[PDB]
């Protein structure tokens, strides 16, 4: 009904997966009242990694080296990918993940509570930052990212028992 209802793509990254953090992550979203409407576990291949992190954009905004480092992090590695639905969910999910850099991420956030290392370190070592989770940055990103990971028939429609407390009935 309302235009404020959004879906956002979330990925528990390989660092997160290998550390056994998928549950901890999902609970955070379930706990505030956000609804999981799709989920899959997969090994990401190069091709899919290249659709998710677009060369043209990442190179425009950062560098080819940053893009290489994102691709190497995620390619041929396991991820847990899911879609979260709710009132202004893109913004709220950004709020819950915390700052991109775990060193700066505030305690209480996913990144703040589960990771700590710094961009300065990751740049020195020539790796991407390992910051547990990806979340669609904004509306245009979510509209692009979701269909890359999910077919339309993998987006589920149902009611959480607490729906009336979040959407009103």
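Positions refer to the first chain, counted from 1.
Chemist: Taking the recorded C-alpha temperature factors, which stretch has the higher mean, 58-66 or 128-136?
Modeler: It is 58-66 that shows the higher mean C-alpha B-factor.
Chemist: Take the C-alpha B-factors listed in the entry for 109-117 and for 139-147, compute each mean, and give the stretch with the larger one.
Modeler: Between 139-147 and 109-117, it is 139-147 that shows the higher mean C-alpha B-factor.
Chemist: Lowest, middle or highest third: where is residue 156 by Cα B-factor in its chain?
Modeler: As the PDB entry reports it, the C-alpha B-factor of residue 156 lands in the highest third of its chain.
Chemist: Test of reading the entry: by CA B factor among the chain's modelled residues, which third contains residue 34?
Modeler: It belongs to the lowest third of the chain when residues are ordered by C-alpha B-factor.
Chemist: Looking at the entry's B-factor column for C-alpha atoms only, identify whether residue 104 ranks in the lowest, middle or highest third of its chain.
Modeler: For residue 104, whose C-alpha B-factor we compare with every modelled residue in the chain, the answer is the middle third.
Chemist: Taking the values exactly as deposited, rank residue 48 by C-alpha B-factor within its chain and report the matching third: lowest, middle or highest.
Modeler: CA B-factor rank for residue 48: highest third.
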